>>> print(open('data-v7.pdb').read())   # PDB, C-alpha atoms and all ligand atoms
ATOM      1  CA  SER A   7     129.116  88.246-143.265  1.00  0.00           C
ATOM      2  CA  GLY A   8     132.199  86.386-141.973  1.00  0.00           C
ATOM      3  CA  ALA A   9     135.425  86.739-140.050  1.00  0.00           C
ATOM      4  CA  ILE A  10     138.947  85.334-139.705  1.00  0.00           C
ATOM      5  CA  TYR A  11     139.665  83.863-136.240  1.00  0.00           C
ATOM      6  CA  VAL A  12     143.453  83.733-135.697  1.00  0.00           C
ATOM      7  CA  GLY A  13     144.969  83.550-132.199  1.00  0.00           C
ATOM      8  CA  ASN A  14     142.962  85.913-129.952  1.00  0.00           C
ATOM      9  CA  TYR A  15     141.957  88.135-132.873  1.00  0.00           C
ATOM     10  CA  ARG A  16     138.739  88.447-134.937  1.00  0.00           C
ATOM     11  CA  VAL A  17     139.255  90.088-138.369  1.00  0.00           C
ATOM     12  CA  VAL A  18     136.106  91.532-139.974  1.00  0.00           C
ATOM     13  CA  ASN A  19     135.095  94.038-142.618  1.00  0.00           C
ATOM     14  CA  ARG A  20     135.199  97.461-140.849  1.00  0.00           C
ATOM     15  CA  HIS A  21     131.775  98.279-142.333  1.00  0.00           C
ATOM     16  CA  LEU A  22     130.240  95.132-140.678  1.00  0.00           C
ATOM     17  CA  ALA A  23     131.904  95.546-137.222  1.00  0.00           C
ATOM     18  CA  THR A  24     129.554  95.187-134.237  1.00  0.00           C
ATOM     19  CA  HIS A  25     129.403  97.247-131.003  1.00  0.00           C
ATOM     20  CA  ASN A  26     131.289  94.424-129.257  1.00  0.00           C
ATOM     21  CA  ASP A  27     134.050  94.689-131.922  1.00  0.00           C
ATOM     22  CA  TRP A  28     134.377  98.487-131.368  1.00  0.00           C
ATOM     23  CA  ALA A  29     134.370  97.987-127.557  1.00  0.00           C
ATOM     24  CA  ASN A  30     137.254  95.403-127.825  1.00  0.00           C
ATOM     25  CA  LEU A  31     139.146  97.123-130.657  1.00  0.00           C
ATOM     26  CA  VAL A  32     142.747  96.209-131.536  1.00  0.00           C
ATOM     27  CA  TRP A  33     143.177  98.051-134.914  1.00  0.00           C
ATOM     28  CA  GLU A  34     141.049  99.499-137.707  1.00  0.00           C
ATOM     29  CA  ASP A  35     141.717 101.075-141.095  1.00  0.00           C
ATOM     30  CA  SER A  36     138.914 102.621-143.166  1.00  0.00           C
ATOM     31  CA  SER A  37     141.056 102.786-146.342  1.00  0.00           C
ATOM     32  CA  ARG A  38     141.460  98.953-146.197  1.00  0.00           C
ATOM     33  CA  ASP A  39     137.881  98.165-144.949  1.00  0.00           C
ATOM     34  CA  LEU A  40     139.422  96.154-142.037  1.00  0.00           C
ATOM     35  CA  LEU A  41     138.857  96.017-138.273  1.00  0.00           C
ATOM     36  CA  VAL A  42     140.384  93.647-135.736  1.00  0.00           C
ATOM     37  CA  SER A  43     138.948  92.994-132.266  1.00  0.00           C
ATOM     38  CA  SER A  44     140.145  90.825-129.380  1.00  0.00           C
ATOM     39  CA  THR A  45     138.550  87.445-128.501  1.00  0.00           C
ATOM     40  CA  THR A  46     138.311  85.384-125.328  1.00  0.00           C
ATOM     41  CA  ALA A  47     138.629  82.026-127.177  1.00  0.00           C
ATOM     42  CA  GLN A  48     141.595  81.087-129.490  1.00  0.00           C
ATOM     43  CA  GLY A  49     140.823  80.690-133.205  1.00  0.00           C
ATOM     44  CA  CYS A  50     141.823  78.009-135.740  1.00  0.00           C
ATOM     45  CA  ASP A  51     142.558  79.991-138.902  1.00  0.00           C
ATOM     46  CA  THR A  52     146.206  80.506-139.935  1.00  0.00           C
ATOM     47  CA  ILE A  53     147.357  83.461-142.060  1.00  0.00           C
ATOM     48  CA  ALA A  54     149.191  82.879-145.360  1.00  0.00           C
ATOM     49  CA  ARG A  55     152.664  84.495-145.629  1.00  0.00           C
ATOM     50  CA  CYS A  56     153.288  84.429-149.423  1.00  0.00           C
ATOM     51  CA  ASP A  57     152.742  86.157-152.812  1.00  0.00           C
ATOM     52  CA  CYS A  58     150.164  83.651-154.279  1.00  0.00           C
ATOM     53  CA  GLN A  59     147.856  84.987-156.961  1.00  0.00           C
ATOM     54  CA  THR A  60     145.636  81.881-157.114  1.00  0.00           C
ATOM     55  CA  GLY A  61     143.349  80.590-154.378  1.00  0.00           C
ATOM     56  CA  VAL A  62     139.744  79.781-153.463  1.00  0.00           C
ATOM     57  CA  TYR A  63     137.050  82.011-151.938  1.00  0.00           C
ATOM     58  CA  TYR A  64     133.712  81.403-150.246  1.00  0.00           C
ATOM     59  CA  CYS A  65     130.635  82.975-151.871  1.00  0.00           C
ATOM     60  CA  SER A  66     127.627  82.931-149.464  1.00  0.00           C
ATOM     61  CA  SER A  67     125.192  84.026-152.245  1.00  0.00           C
ATOM     62  CA  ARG A  68     125.974  80.737-154.047  1.00  0.00           C
ATOM     63  CA  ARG A  69     126.866  78.474-151.020  1.00  0.00           C
ATOM     64  CA  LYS A  70     130.022  77.636-152.985  1.00  0.00           C
ATOM     65  CA  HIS A  71     133.793  77.948-152.897  1.00  0.00           C
ATOM     66  CA  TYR A  72     135.282  79.097-156.224  1.00  0.00           C
ATOM     67  CA  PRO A  73     138.871  78.865-157.469  1.00  0.00           C
ATOM     68  CA  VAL A  74     140.136  82.280-158.643  1.00  0.00           C
ATOM     69  CA  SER A  75     143.146  84.118-160.022  1.00  0.00           C
ATOM     70  CA  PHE A  76     143.542  87.507-158.285  1.00  0.00           C
ATOM     71  CA  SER A  77     145.645  90.635-158.689  1.00  0.00           C
ATOM     72  CA  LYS A  78     148.372  91.781-156.286  1.00  0.00           C
ATOM     73  CA  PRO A  79     147.262  94.071-153.417  1.00  0.00           C
ATOM     74  CA  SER A  80     146.871  97.567-154.869  1.00  0.00           C
ATOM     75  CA  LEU A  81     145.156 100.977-154.577  1.00  0.00           C
ATOM     76  CA  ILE A  82     141.882 100.633-156.587  1.00  0.00           C
ATOM     77  CA  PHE A  83     138.981 103.039-157.107  1.00  0.00           C
ATOM     78  CA  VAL A  84     135.800 101.484-155.714  1.00  0.00           C
ATOM     79  CA  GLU A  85     132.313 102.836-156.580  1.00  0.00           C
ATOM     80  CA  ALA A  86     129.965 104.179-153.900  1.00  0.00           C
ATOM     81  CA  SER A  87     128.121 101.592-151.843  1.00  0.00           C
ATOM     82  CA  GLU A  88     125.795 101.995-148.780  1.00  0.00           C
ATOM     83  CA  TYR A  89     128.967 101.955-146.542  1.00  0.00           C
ATOM     84  CA  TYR A  90     131.511 104.194-148.309  1.00  0.00           C
ATOM     85  CA  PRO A  91     131.430 106.943-150.919  1.00  0.00           C
ATOM     86  CA  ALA A  92     133.323 106.244-154.186  1.00  0.00           C
ATOM     87  CA  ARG A  93     137.008 106.312-153.077  1.00  0.00           C
ATOM     88  CA  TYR A  94     140.370 104.619-153.379  1.00  0.00           C
ATOM     89  CA  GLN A  95     140.672 101.409-151.282  1.00  0.00           C
ATOM     90  CA  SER A  96     144.181 100.221-150.434  1.00  0.00           C
ATOM     91  CA  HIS A  97     145.592  96.656-150.210  1.00  0.00           C
ATOM     92  CA  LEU A  98     142.724  95.386-152.417  1.00  0.00           C
ATOM     93  CA  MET A  99     142.979  92.387-154.826  1.00  0.00           C
ATOM     94  CA  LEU A 100     140.502  91.823-157.669  1.00  0.00           C
ATOM     95  CA  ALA A 101     139.253  88.616-159.338  1.00  0.00           C
ATOM     96  CA  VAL A 102     136.507  87.586-161.719  1.00  0.00           C
ATOM     97  CA  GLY A 103     133.695  86.055-159.626  1.00  0.00           C
ATOM     98  CA  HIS A 104     130.231  86.524-158.217  1.00  0.00           C
ATOM     99  CA  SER A 105     129.701  88.720-155.270  1.00  0.00           C
ATOM    100  CA  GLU A 106     126.754  90.548-153.630  1.00  0.00           C
ATOM    101  CA  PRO A 107     127.011  92.964-150.618  1.00  0.00           C
ATOM    102  CA  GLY A 108     126.293  90.268-148.016  1.00  0.00           C
ATOM    103  CA  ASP A 109     129.155  88.122-149.432  1.00  0.00           C
ATOM    104  CA  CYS A 110     131.582  90.448-147.558  1.00  0.00           C
ATOM    105  CA  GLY A 111     133.518  88.475-144.956  1.00  0.00           C
ATOM    106  CA  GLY A 112     133.941  85.298-147.014  1.00  0.00           C
ATOM    107  CA  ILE A 113     137.517  83.965-146.823  1.00  0.00           C
ATOM    108  CA  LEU A 114     139.988  83.842-149.704  1.00  0.00           C
ATOM    109  CA  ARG A 115     142.685  81.168-149.029  1.00  0.00           C
ATOM    110  CA  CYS A 116     145.683  79.628-150.784  1.00  0.00           C
ATOM    111  CA  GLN A 117     147.913  76.641-150.107  1.00  0.00           C
ATOM    112  CA  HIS A 118     149.615  78.621-147.230  1.00  0.00           C
ATOM    113  CA  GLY A 119     146.472  79.704-145.313  1.00  0.00           C
ATOM    114  CA  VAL A 120     144.035  82.657-145.220  1.00  0.00           C
ATOM    115  CA  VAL A 121     144.859  85.444-147.691  1.00  0.00           C
ATOM    116  CA  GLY A 122     142.024  87.930-147.071  1.00  0.00           C
ATOM    117  CA  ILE A 123     138.245  88.492-146.977  1.00  0.00           C
ATOM    118  CA  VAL A 124     135.661  89.603-149.541  1.00  0.00           C
ATOM    119  CA  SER A 125     135.269  93.435-149.334  1.00  0.00           C
ATOM    120  CA  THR A 126     133.946  94.716-152.725  1.00  0.00           C
ATOM    121  CA  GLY A 127     131.944  93.523-155.715  1.00  0.00           C
ATOM    122  CA  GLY A 128     129.790  94.026-158.806  1.00  0.00           C
ATOM    123  CA  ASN A 129     129.496  93.078-162.503  1.00  0.00           C
ATOM    124  CA  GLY A 130     131.252  89.805-162.262  1.00  0.00           C
ATOM    125  CA  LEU A 131     134.192  91.109-160.149  1.00  0.00           C
ATOM    126  CA  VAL A 132     134.995  90.340-156.491  1.00  0.00           C
ATOM    127  CA  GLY A 133     137.543  92.336-154.432  1.00  0.00           C
ATOM    128  CA  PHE A 134     139.390  91.003-151.374  1.00  0.00           C
ATOM    129  CA  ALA A 135     141.031  92.933-148.532  1.00  0.00           C
ATOM    130  CA  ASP A 136     144.526  91.411-148.118  1.00  0.00           C
ATOM    131  CA  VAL A 137     145.758  90.482-144.630  1.00  0.00           C
ATOM    132  CA  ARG A 138     149.095  88.807-145.504  1.00  0.00           C
ATOM    133  CA  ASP A 139     151.159  91.902-144.607  1.00  0.00           C
ATOM    134  CA  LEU A 140     149.655  92.099-141.028  1.00  0.00           C
ATOM    135  CA  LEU A 141     152.423  90.072-139.370  1.00  0.00           C
ATOM    136  CA  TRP A 142     151.304  90.971-135.860  1.00  0.00           C
ATOM    137  CA  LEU A 143     148.175  88.746-136.306  1.00  0.00           C
ATOM    138  CA  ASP A 144     150.568  85.777-135.628  1.00  0.00           C
ATOM    139  CA  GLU A 145     151.709  87.062-132.139  1.00  0.00           C
ATOM    140  CA  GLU A 146     150.093  87.844-128.708  1.00  0.00           C
TER     141      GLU A 146
HETATM  142  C1  LIG B   1     130.835  91.851-152.226  1.00  0.00           C
HETATM  143  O1  LIG B   1     130.498  93.222-152.338  1.00  0.00           O
HETATM  144  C2  LIG B   1     129.647  93.606-153.344  1.00  0.00           C
HETATM  145  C3  LIG B   1     129.229  92.795-154.393  1.00  0.00           C
HETATM  146  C4  LIG B   1     128.359  93.299-155.348  1.00  0.00           C
HETATM  147  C5  LIG B   1     127.945  94.603-155.283  1.00  0.00           C
HETATM  148  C6  LIG B   1     128.374  95.417-154.251  1.00  0.00           C
HETATM  149  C7  LIG B   1     129.210  94.924-153.252  1.00  0.00           C
HETATM  150  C8  LIG B   1     129.540  95.725-152.016  1.00  0.00           C
HETATM  151  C9  LIG B   1     130.782  96.583-152.162  1.00  0.00           C
HETATM  152  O2  LIG B   1     131.319  96.787-153.236  1.00  0.00           O
HETATM  153  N1  LIG B   1     131.219  97.168-151.031  1.00  0.00           N
HETATM  154  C10 LIG B   1     130.671  96.990-149.678  1.00  0.00           C
HETATM  155  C11 LIG B   1     131.146  98.248-148.974  1.00  0.00           C
HETATM  156  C12 LIG B   1     132.520  98.484-149.578  1.00  0.00           C
HETATM  157  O3  LIG B   1     133.540  97.663-148.979  1.00  0.00           O
HETATM  158  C13 LIG B   1     132.335  98.123-151.049  1.00  0.00           C
HETATM  159 ZN    ZN B   2     150.001  81.259-150.666  1.00  0.00          ZN
END
>>> encode(input="data-v7.pdb", output="structure tokens")
Amino acid sequence: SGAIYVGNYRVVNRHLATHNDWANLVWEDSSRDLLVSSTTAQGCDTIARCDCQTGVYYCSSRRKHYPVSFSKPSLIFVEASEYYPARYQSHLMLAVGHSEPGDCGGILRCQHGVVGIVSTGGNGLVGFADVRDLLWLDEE
């Protein structure tokens, strides 16, 4: 589990969105595994606006933050899980690292801010949904 709290937005994995998220929906995209809902309180996270390929992510199944090298956002085939059939996921970045299903939502960050959240995993890989192209997260 986990979310990004920027401005009056909450960014979560679409497959983990709650009823309150769907009832306060701003934007969602199944191909990216992302959903954004509106919040009453202002958040403290800032979004990175860069092309970094190194950063650090939080892994809840280890209680640890790990430094990683990750690929550029791309269209990658992801195997079937309990939330999606096997399909192509867009804007996804891969790295070598531990993940389990409940690690989804952990933040990946670089020197500029939040880069994305854990969305996929297995066999020593972790995939992150990028958010750096969503410029509207920085405005009302
Ligand atoms: C961190 O995720 C995992 C790690 C190990 C194994 C499996 C996963 C879950 C995973 O790949 N997905 C969840 C739904 C869809 O977004 C894809
Ligand atoms: Zn950066």
>>> resolve_selection(input="data-v7.pdb", expression="the PyMOL selection byres (((not hetatm)) within 9 of (chain B and resi 1))", output="PyMOL selection string")
chain A and resi 19-22+38-39+65+84-92+95+104-112+124-135
>>> closest_residue(input="data-v7.pdb", among="A:49, A:73, A:8, A:61", to="ligand ZN 2 (chain B)", atoms="all atoms listed in the file")
A:61
>>> residues_around(input="data-v7.pdb", residues="residue 37 of chain A", least_positions_apart="2", cutoff="9 Å", atoms="all atoms listed in the file", output="list in words")
residues 35, 39, 40, 93, 94, 95, 96 and 97 of chain A
>>> atom_distance(input="data-v7.pdb", atom1="atom CA of residue 45 of chain A", atom2="atom CA of residue 142 of chain A")
15.1 Å
>>> closest_residue(input="data-v7.pdb", among="A:51, A:27, A:34, A:57", to="ligand ZN 2 (chain B)", atoms="only C-alpha atoms and all ligand atoms")
A:57
>>> residues_near_ligand(input="data-v7.pdb", ligand="ligand ZN 2 (chain B)", cutoff="7 Å", atoms="all atoms listed in the file", output="ChimeraX atom specification")
/A:54-58,116-119
